[PDB]
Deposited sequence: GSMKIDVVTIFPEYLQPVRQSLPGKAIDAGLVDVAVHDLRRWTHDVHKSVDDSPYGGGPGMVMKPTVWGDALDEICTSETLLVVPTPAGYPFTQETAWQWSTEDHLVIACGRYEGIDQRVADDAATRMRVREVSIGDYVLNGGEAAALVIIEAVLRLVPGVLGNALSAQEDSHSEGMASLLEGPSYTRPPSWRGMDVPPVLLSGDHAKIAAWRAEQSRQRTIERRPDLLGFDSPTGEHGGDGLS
């Protein structure tokens, strides 16, 4: 069974991990997900986790000291440390398959302008570290990305290309819109071929990159 530890300053926000696909995985005993408040490893009265960036710039950077202490306690040499960041390597379906075989994922959720780079650099001297992005958009922090990664990985664990075209179910006519007749015909070869043509049309239109075309 897999162990996933999530470290965040917003532990309550990782509640969606519950009943859902990850929730079912947890209750089936296929994974254990534990969420940790980063502030647990602070020592000052104000529980500060961030400070202004060296060299200037807007916002705050998360302090290495607190993160270092947290990861010391939670990680081992076998840990795969996942660091969600807009500046990361792309997280893809291939990545999800790869991580689905891991014994222990630790996900370090950052906020503000991110985590002092020395945290990942230091961790990499003792364990495998993967800084990853889940897409080309900006988030306030890594927490929502952690949920996406957990969803993409867990649905692949034992025990749990091109675009899929349109799908239909009953009734065969609805608001004057009919299900494509071929889908009702029971002709496997014809259905297979129609579904391939639909997938091609959709992939060209929506994701031409998947077929090696521009945009």
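Margin query: Comparing the deposited sequence against the modelled residues, what ranges come up empty for C-alpha?
Written below: Seq positions lacking coordinates: 1, 162 to 178, 234 to 244.
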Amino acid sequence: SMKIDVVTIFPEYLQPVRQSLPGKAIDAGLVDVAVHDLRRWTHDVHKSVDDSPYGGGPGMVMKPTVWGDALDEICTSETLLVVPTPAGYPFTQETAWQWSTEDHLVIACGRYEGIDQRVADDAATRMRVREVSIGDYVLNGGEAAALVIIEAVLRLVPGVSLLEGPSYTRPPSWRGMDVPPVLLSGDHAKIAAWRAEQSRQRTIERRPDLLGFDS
From here on, numbers count along this sequence of modelled residues.
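Only the largest set of C-alpha atoms that superpose within 1.5 Å between the two forms is called the rigid core.
Notebook entry, point to check: What stretch shows more C-alpha movement in 9 other deposited structures of this protein relative to this form, 177 to 185 or 151 to 159, after the core is superposed?
Noted result: Most displaced of the pair in 9 other deposited structures of this protein: 151 to 159.
Check: Superpose by the rigid core: which stretch, 112 to 120 or 70 to 78, shows more Cα shift in 9 other deposited structures of this protein?
Finding: This comes out as 112 to 120, the stretch further from the shown form in 9 other deposited structures of this protein.
Note to self: For at least a third of the other PDB entries compared, is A28 missing from the model even though its neighbours are present?
What the structure shows: Residue status for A28: gap in at least one third of the other entries.
Checklist line | Entry-level comparison of average CA B-factors, 45 to 53 and 174 to 182, reporting the higher stretch | finding: Result of the comparison: 45 to 53.
Margin query: Tell me which stretch has the larger mean Cα B-factor in this entry, 36 to 44 or 56 to 64.
Written below: Averaging CA B-factors over each stretch, the winner is 36 to 44.
Checklist line | Maximum C-alpha temperature factor, selected from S133, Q117, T92, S77 | finding: If I rank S133, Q117, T92, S77 by C-alpha B-factor, first place goes to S77.
Notebook entry, point to check: Can you tell me which third, lowest, middle or highest, the CA B-factor of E151 falls into for its chain?
Noted result: CA B-factor rank for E151: lowest third.
Checklist line | Chain-relative CA temperature factor third for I4 | finding: It falls in the middle third of the chain.
Item checked: Third of the chain's Cα B-factor distribution that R207 belongs to, per the entry -> Lowest third of the chain for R207's C-alpha B-factor.
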